[PDB]
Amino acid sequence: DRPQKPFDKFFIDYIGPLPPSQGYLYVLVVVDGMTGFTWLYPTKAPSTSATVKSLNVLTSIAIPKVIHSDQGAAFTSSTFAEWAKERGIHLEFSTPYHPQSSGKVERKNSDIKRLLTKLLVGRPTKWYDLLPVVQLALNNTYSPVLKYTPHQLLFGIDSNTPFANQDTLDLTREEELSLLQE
């Protein structure tokens, strides 16, 4: 069988609704199944329109062979199906109520939901400006299985922003109190 490659499969999902940050409420998460590279796009709704608008930016850089998602409404619409067919993208859906991706993708999506929470506390309405530095952190995180960061697997080079200092990724006792109040 052919070895797994970048752009073979993109895993997409929505995170939200979130506190409004400059008008945006959701984050469309795109993860490459082979490298673990992550793209974060802020949208104003989990709609096909906002999904096509954000994926048009991504597909102007690289086009995946397959897009995998759950049976979310924005992804099972006939409009999004026509959008994927025009670009030669095969849509692949997980079973309803049985979300299935891959171990590397599952853990990657875990890190994103946890990293977003750790920085949402204290600045719940400023996460729009933080999305760039969040992507850099996620894509420069060392992978214990592959022993390479997503940046290294996608570009074949080291990065100018290595993240040697790891955030606790767990909420400190003071961050838990300031979160239960929100």
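Heads up: residue numbers just count along the shown sequence, starting at 1. In this text, the rigid core denotes the largest set of C-alpha atoms whose superposition between the two forms falls within 1.5 Å.
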In 8 other deposited structures of this protein, superposed on the rigid core, which stretch sits farther off in Cα RMS terms, 120 to 128 or 24 to 32? 120 to 128
Stretch with the higher entry mean CA B-factor, where the candidates are 115 to 123 and 130 to 138: 115 to 123
Higher avg CA temperature factor (142 to 150 vs 27 to 35, as deposited) belongs to 142 to 150
Sorting by Cα B-factor within the chain, modelled residues only, which third would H90 end up in: lowest, middle or highest? middle
Among the modelled residues of its chain, the C-alpha B-factor of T79 falls in the third labelled lowest
Quick one: classify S159 as lowest, middle or highest third of the chain based on its Cα B-factor. lowest
